[PDB]
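Colleague: Okay, here's the structure, questions in a sec.
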Amino acid sequence: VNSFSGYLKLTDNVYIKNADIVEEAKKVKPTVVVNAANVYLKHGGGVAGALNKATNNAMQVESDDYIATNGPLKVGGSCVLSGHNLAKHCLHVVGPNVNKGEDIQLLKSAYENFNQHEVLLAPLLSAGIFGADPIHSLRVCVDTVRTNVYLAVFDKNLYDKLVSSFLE
Ligand SMILES: CCNC(=O)c1cc2c(N[C@H](c3ccc4c(c3)S(=O)(=O)CCC4)C(C)C)ncnc2[nH]1
C-alpha cells in the first residue's frame with residue numbers, strides 16, 4: 001500500500017528516514033523493497049542478511065534457484081524476484097564494493113535500476129562494508145533516480161551527517 005511515514009523530503013522524489021529497512025517493510029508493505037545484493041545473491045550478512053532472515057530464509061532459497069538457472073548478475077545490474085512477506089517484489093541491486101576494488105562509476109548504473117519502479121523502499125547503495133562514501137551515494141541517488149525513493153538508513157549518526165551535508 002506504500003504508506004510511508006516519518007520521512008524527511010530531500011527533493012521532489014527522494015525521502016530519507018533513520019530506520020531499519022526490515023521494520024519499514026513490515027509497516028509499509030511496499031510494492032518494491034530493494035536489496036543491496038552481491039552478484040551470486042548470497043544474503044548472509046548486512047542488509048541482505050537482515051531481509052533474508054525476515055523472510056525466514058525464503059529469499060535465499062528463491063535466489064539459489066535463480067542462480068542455478070541464470071548465473072550471477074553483473075555489478076550495476078539488478079533482478080526482480082518475489083518480496084515474500086516484506087513486499088510484493090524485491091529488486092536485488094548490485095552496487096560496487098569499493099572495499100574490494102570495484103568501479104565506483106557503476107553506482108550510477110545500480111541506482112538507474114530504480115527508474116523502472118514508480119515507488120521503492122531502499123537502503124543507501126554501496127554504504128557500510130561496501131565502502132563507498134555515503135554522502136556520494138546519496139548524491140548519485142538524487143541525480144539519477146526520477147521515481148519516488150524512500151531511503152531507510154539504520155544509523156543515527158550517519159543519517160544526521162547525510163541530512164546536514166545535503167542541506168548545505
Ligand atoms: C536488525 C536487522 N536490520 C539490520 O541489520 C539493518 C541494517 C541496515 C542498514 N545498514 C546500512 C547499510 C546500507 C547499505 C549497505 C550496507 C549497510 S552493508 O550491508 O554493510 C553492504 C551493502 C550496502 C548502514 C550503512 C547503516 N540500512 C538500513 N536498514 C538496515 N537494517
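Chain labels follow the order of the C-alpha cells: the first chain is A, the next B, and so on; residue numbering restarts at 1 in every chain, and ligands are counted from 1 in their shown order.
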List the spatial neighbours of segment 135-149 of chain A as a ChimeraX atom specification - criterion: any atom at most 7 Å away, only C-alpha atoms, same-chain residues fewer than 2 positions off excluded.
Modeller: /A:13-15,108,111-112,114-115,117-122,124-125,132-133,151,162
Colleague: Determine, using only C-alpha atoms and all ligand atoms, which residues of chain A have any atom at most 9 Å from an atom of ligand 1, and tabulate each with its shortest atom pair and distance in Å to one decimal place, rows ordered by chain and then rising number, as CSV.
Modeller:
residue,atom,partner,partner_atom_place_in_ligand_line,distance
A:18,CA,ligand 1,28 (C),8.3
A:19,CA,ligand 1,29 (N),6.2
A:20,CA,ligand 1,29 (N),3.8
A:21,CA,ligand 1,29 (N),3.9
A:22,CA,ligand 1,31 (N),5.9
A:23,CA,ligand 1,3 (N),7.9
A:24,CA,ligand 1,29 (N),8.6
A:35,CA,ligand 1,22 (C),8.4
A:36,CA,ligand 1,22 (C),5.0
A:37,CA,ligand 1,22 (C),6.9
A:38,CA,ligand 1,22 (C),8.2
A:45,CA,ligand 1,19 (O),6.3
A:46,CA,ligand 1,19 (O),3.2
A:47,CA,ligand 1,19 (O),4.1
A:48,CA,ligand 1,19 (O),6.3
A:49,CA,ligand 1,5 (O),7.5
A:50,CA,ligand 1,2 (C),4.7
A:51,CA,ligand 1,3 (N),7.4
A:53,CA,ligand 1,2 (C),8.6
A:54,CA,ligand 1,2 (C),8.4
A:94,CA,ligand 1,22 (C),8.7
A:95,CA,ligand 1,23 (C),7.6
A:97,CA,ligand 1,22 (C),8.0
A:122,CA,ligand 1,28 (C),7.8
A:123,CA,ligand 1,28 (C),5.1
A:124,CA,ligand 1,13 (C),4.8
A:125,CA,ligand 1,14 (C),5.0
A:126,CA,ligand 1,23 (C),4.3
A:127,CA,ligand 1,14 (C),4.3
A:128,CA,ligand 1,20 (O),3.5
A:129,CA,ligand 1,20 (O),4.1
A:130,CA,ligand 1,21 (C),4.9
A:131,CA,ligand 1,21 (C),8.0
A:132,CA,ligand 1,23 (C),8.8
A:134,CA,ligand 1,25 (C),7.6
A:151,CA,ligand 1,28 (C),8.0
A:152,CA,ligand 1,28 (C),5.1
A:153,CA,ligand 1,28 (C),4.4
A:154,CA,ligand 1,28 (C),4.3
A:155,CA,ligand 1,26 (C),4.7
A:156,CA,ligand 1,26 (C),8.4
A:158,CA,ligand 1,26 (C),7.0
A:159,CA,ligand 1,26 (C),8.3
Colleague: Just list the residues in segment 9-150 of chain A DSSP gives alpha helix (DSSP H) on the backbone, as a PyMOL selection string.
Modeller: chain A and resi 21-28+46-54+58-70+106-112+134-144
Colleague: Output the selection as a short mmCIF file (atom, residue, chain, number, x, y, z; two decimals), in the first residue's frame - N, CA and C atoms for each residue.
Modeller:
data_model
loop_
_atom_site.label_atom_id
_atom_site.label_comp_id
_atom_site.auth_asym_id
_atom_site.auth_seq_id
_atom_site.Cartn_x
_atom_site.Cartn_y
_atom_site.Cartn_z
N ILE A 21 15.37 -0.95 7.48
CA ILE A 21 14.59 -1.31 6.29
C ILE A 21 13.63 -2.49 6.52
N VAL A 22 13.99 -3.44 7.40
CA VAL A 22 13.12 -4.56 7.68
C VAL A 22 11.86 -4.12 8.37
N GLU A 23 12.00 -3.23 9.39
CA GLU A 23 10.81 -2.76 10.11
C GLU A 23 9.95 -1.86 9.22
N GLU A 24 10.60 -1.08 8.33
CA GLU A 24 9.83 -0.23 7.41
C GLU A 24 9.05 -1.12 6.44
N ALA A 25 9.66 -2.22 5.94
CA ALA A 25 8.94 -3.11 5.01
C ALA A 25 7.72 -3.71 5.70
N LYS A 26 7.87 -4.11 6.98
CA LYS A 26 6.73 -4.70 7.73
C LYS A 26 5.60 -3.70 7.95
N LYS A 27 5.96 -2.43 8.19
CA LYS A 27 4.99 -1.38 8.47
C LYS A 27 4.30 -0.87 7.22
N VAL A 28 5.06 -0.74 6.13
CA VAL A 28 4.57 -0.09 4.90
C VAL A 28 3.94 -1.03 3.91
N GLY A 46 24.75 -8.17 6.63
CA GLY A 46 24.32 -6.80 6.36
C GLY A 46 22.84 -6.69 6.02
N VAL A 47 22.51 -5.77 5.14
CA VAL A 47 21.12 -5.54 4.73
C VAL A 47 20.50 -6.79 4.12
N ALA A 48 21.24 -7.47 3.22
CA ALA A 48 20.70 -8.66 2.55
C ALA A 48 20.38 -9.75 3.60
N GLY A 49 21.26 -9.91 4.59
CA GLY A 49 21.02 -10.92 5.64
C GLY A 49 19.83 -10.56 6.50
N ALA A 50 19.68 -9.27 6.81
CA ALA A 50 18.54 -8.81 7.60
C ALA A 50 17.23 -9.09 6.85
N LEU A 51 17.18 -8.76 5.54
CA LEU A 51 15.96 -9.02 4.74
C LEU A 51 15.71 -10.53 4.63
N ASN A 52 16.75 -11.32 4.31
CA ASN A 52 16.55 -12.78 4.17
C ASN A 52 16.01 -13.40 5.46
N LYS A 53 16.63 -13.05 6.61
CA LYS A 53 16.18 -13.62 7.89
C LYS A 53 14.74 -13.24 8.20
N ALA A 54 14.32 -12.03 7.77
CA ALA A 54 12.93 -11.61 8.00
C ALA A 54 11.93 -12.38 7.13
N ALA A 58 13.24 -17.73 3.01
CA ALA A 58 12.57 -17.94 1.71
C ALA A 58 13.31 -17.20 0.59
N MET A 59 13.85 -15.98 0.89
CA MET A 59 14.56 -15.22 -0.14
C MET A 59 15.82 -15.97 -0.61
N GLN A 60 16.57 -16.60 0.32
CA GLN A 60 17.79 -17.30 -0.10
C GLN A 60 17.47 -18.51 -0.97
N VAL A 61 16.42 -19.26 -0.61
CA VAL A 61 16.04 -20.44 -1.40
C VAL A 61 15.64 -20.05 -2.83
N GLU A 62 14.85 -18.97 -2.96
CA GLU A 62 14.45 -18.47 -4.27
C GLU A 62 15.67 -17.97 -5.05
N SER A 63 16.58 -17.25 -4.37
CA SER A 63 17.78 -16.75 -5.05
C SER A 63 18.68 -17.87 -5.54
N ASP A 64 18.83 -18.96 -4.75
CA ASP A 64 19.63 -20.10 -5.18
C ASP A 64 19.04 -20.71 -6.46
N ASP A 65 17.72 -20.84 -6.52
CA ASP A 65 17.05 -21.37 -7.72
C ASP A 65 17.31 -20.44 -8.93
N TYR A 66 17.21 -19.12 -8.70
CA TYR A 66 17.52 -18.15 -9.77
C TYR A 66 18.99 -18.34 -10.28
N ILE A 67 19.95 -18.41 -9.35
CA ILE A 67 21.36 -18.53 -9.73
C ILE A 67 21.61 -19.84 -10.46
N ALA A 68 20.95 -20.93 -10.05
CA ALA A 68 21.17 -22.23 -10.72
C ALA A 68 20.81 -22.17 -12.22
N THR A 69 19.72 -21.46 -12.54
CA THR A 69 19.22 -21.36 -13.92
C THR A 69 19.87 -20.23 -14.74
N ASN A 70 20.23 -19.10 -14.07
CA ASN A 70 20.65 -17.90 -14.80
C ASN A 70 22.08 -17.44 -14.59
N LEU A 106 29.95 2.49 -11.50
CA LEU A 106 28.80 1.61 -11.59
C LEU A 106 27.75 1.86 -10.53
N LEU A 107 28.01 2.75 -9.55
CA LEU A 107 26.96 3.09 -8.55
C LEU A 107 25.80 3.85 -9.27
N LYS A 108 26.09 4.64 -10.33
CA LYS A 108 25.03 5.33 -11.08
C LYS A 108 24.19 4.24 -11.81
N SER A 109 24.86 3.26 -12.41
CA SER A 109 24.19 2.14 -13.09
C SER A 109 23.26 1.40 -12.10
N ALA A 110 23.76 1.17 -10.88
CA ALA A 110 22.98 0.48 -9.85
C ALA A 110 21.69 1.29 -9.52
N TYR A 111 21.81 2.61 -9.30
CA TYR A 111 20.63 3.44 -8.99
C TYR A 111 19.68 3.57 -10.20
N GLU A 112 20.22 3.51 -11.42
CA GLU A 112 19.39 3.63 -12.64
C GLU A 112 18.29 2.57 -12.66
N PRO A 134 29.26 7.52 1.76
CA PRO A 134 27.79 7.52 1.82
C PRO A 134 27.19 8.83 1.33
N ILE A 135 27.90 9.96 1.53
CA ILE A 135 27.38 11.23 1.01
C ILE A 135 27.35 11.19 -0.53
N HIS A 136 28.40 10.62 -1.15
CA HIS A 136 28.44 10.48 -2.60
C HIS A 136 27.28 9.55 -3.05
N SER A 137 27.03 8.43 -2.32
CA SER A 137 25.93 7.55 -2.72
C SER A 137 24.58 8.31 -2.71
N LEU A 138 24.36 9.15 -1.68
CA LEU A 138 23.10 9.91 -1.63
C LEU A 138 23.01 10.90 -2.83
N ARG A 139 24.14 11.55 -3.19
CA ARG A 139 24.13 12.46 -4.33
C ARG A 139 23.85 11.75 -5.65
N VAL A 140 24.43 10.54 -5.83
CA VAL A 140 24.17 9.78 -7.05
C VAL A 140 22.69 9.39 -7.11
N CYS A 141 22.10 9.00 -5.96
CA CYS A 141 20.67 8.67 -5.92
C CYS A 141 19.83 9.88 -6.38
N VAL A 142 20.10 11.04 -5.77
CA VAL A 142 19.34 12.26 -6.08
C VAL A 142 19.44 12.64 -7.55
N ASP A 143 20.63 12.49 -8.13
CA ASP A 143 20.85 12.89 -9.52
C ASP A 143 20.39 11.85 -10.55
N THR A 144 20.23 10.59 -10.15
CA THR A 144 19.93 9.50 -11.09
C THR A 144 18.49 9.02 -11.05
#
Colleague: Given the choices A:164, A:101, A:150, A:157, which gets closest to residue 17 of chain A if the distance is worked out from only C-alpha atoms?
Modeller: A:150
Colleague: Run DSSP on the backbone and grab whatever in segment 92-158 of chain A lands in strand (DSSP E); send it over as a list in words.
Modeller: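 Going through segment 92-158 of chain A, the strand (DSSP E) residues come out as residues 92, 93, 119, 120, 121, 122, 148, 149, 150, 151 and 152 of chain A.
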Colleague: Please produce a file of the residues just selected, as a PDB file, in the first residue's frame, where the atoms kept are N, CA, C and O atoms.
Modeller:
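See result.pdb below for the written result:
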ATOM      1  N   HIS A  92      16.654  -6.895  -6.414  1.00  0.00           N
ATOM      2  CA  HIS A  92      18.010  -7.158  -5.948  1.00  0.00           C
ATOM      3  C   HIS A  92      18.931  -6.322  -6.791  1.00  0.00           C
ATOM      4  O   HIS A  92      19.001  -6.559  -7.979  1.00  0.00           O
ATOM      5  N   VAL A  93      19.662  -5.349  -6.209  1.00  0.00           N
ATOM      6  CA  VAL A  93      20.548  -4.460  -6.963  1.00  0.00           C
ATOM      7  C   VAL A  93      21.972  -4.637  -6.491  1.00  0.00           C
ATOM      8  O   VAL A  93      22.229  -4.557  -5.284  1.00  0.00           O
ATOM      9  N   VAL A 119       7.683   3.556  -7.232  1.00  0.00           N
ATOM     10  CA  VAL A 119       7.950   3.827  -5.827  1.00  0.00           C
ATOM     11  C   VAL A 119       8.707   2.660  -5.205  1.00  0.00           C
ATOM     12  O   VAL A 119       8.397   1.495  -5.475  1.00  0.00           O
ATOM     13  N   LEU A 120       9.760   2.977  -4.437  1.00  0.00           N
ATOM     14  CA  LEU A 120      10.595   1.930  -3.841  1.00  0.00           C
ATOM     15  C   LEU A 120      10.993   2.291  -2.415  1.00  0.00           C
ATOM     16  O   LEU A 120      11.282   3.458  -2.142  1.00  0.00           O
ATOM     17  N   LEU A 121      11.122   1.247  -1.545  1.00  0.00           N
ATOM     18  CA  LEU A 121      11.761   1.346  -0.218  1.00  0.00           C
ATOM     19  C   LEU A 121      13.188   0.834  -0.447  1.00  0.00           C
ATOM     20  O   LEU A 121      13.338  -0.260  -1.005  1.00  0.00           O
ATOM     21  N   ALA A 122      14.248   1.596  -0.058  1.00  0.00           N
ATOM     22  CA  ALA A 122      15.605   1.154  -0.375  1.00  0.00           C
ATOM     23  C   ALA A 122      16.632   1.507   0.686  1.00  0.00           C
ATOM     24  O   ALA A 122      16.471   2.498   1.403  1.00  0.00           O
ATOM     25  N   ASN A 148       9.861   7.706  -7.068  1.00  0.00           N
ATOM     26  CA  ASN A 148       9.787   8.033  -5.643  1.00  0.00           C
ATOM     27  C   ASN A 148      10.578   7.028  -4.837  1.00  0.00           C
ATOM     28  O   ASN A 148      10.228   5.846  -4.840  1.00  0.00           O
ATOM     29  N   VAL A 149      11.681   7.475  -4.189  1.00  0.00           N
ATOM     30  CA  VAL A 149      12.521   6.534  -3.437  1.00  0.00           C
ATOM     31  C   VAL A 149      12.564   6.932  -1.974  1.00  0.00           C
ATOM     32  O   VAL A 149      12.761   8.107  -1.651  1.00  0.00           O
ATOM     33  N   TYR A 150      12.281   5.942  -1.086  1.00  0.00           N
ATOM     34  CA  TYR A 150      12.241   6.163   0.350  1.00  0.00           C
ATOM     35  C   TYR A 150      13.431   5.420   0.934  1.00  0.00           C
ATOM     36  O   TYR A 150      13.447   4.179   0.950  1.00  0.00           O
ATOM     37  N   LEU A 151      14.473   6.179   1.325  1.00  0.00           N
ATOM     38  CA  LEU A 151      15.698   5.590   1.842  1.00  0.00           C
ATOM     39  C   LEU A 151      15.624   5.375   3.333  1.00  0.00           C
ATOM     40  O   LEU A 151      15.377   6.324   4.083  1.00  0.00           O
ATOM     41  N   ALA A 152      15.860   4.127   3.776  1.00  0.00           N
ATOM     42  CA  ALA A 152      15.927   3.832   5.201  1.00  0.00           C
ATOM     43  C   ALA A 152      17.414   3.653   5.544  1.00  0.00           C
ATOM     44  O   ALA A 152      18.059   2.813   4.925  1.00  0.00           O
TER      45      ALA A 152
END
Colleague: In Å to one decimal, how far is atom CA of residue 34 of chain A from atom CA of residue 99 of chain A?
Modeller: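 Computing the Euclidean distance for atom CA of residue 99 of chain A and atom CA of residue 34 of chain A yields 21.2 Å.
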Colleague: Of the candidates A:79, A:163, A:87, A:1, which one gets nearest to residue 32 of chain A if we count only C-alpha atoms?
Modeller: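 Comparing A:79, A:163, A:87, A:1 against residue 32 of chain A, the winner is A:87.
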Colleague: Enter the distance from atom CA of residue 3 of chain A to atom CA of residue 78 of chain A, in Å, rounded to one decimal.
Modeller: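 Taking atom CA of residue 3 of chain A as the start and atom CA of residue 78 of chain A as the end point, the length is 24.7 Å.
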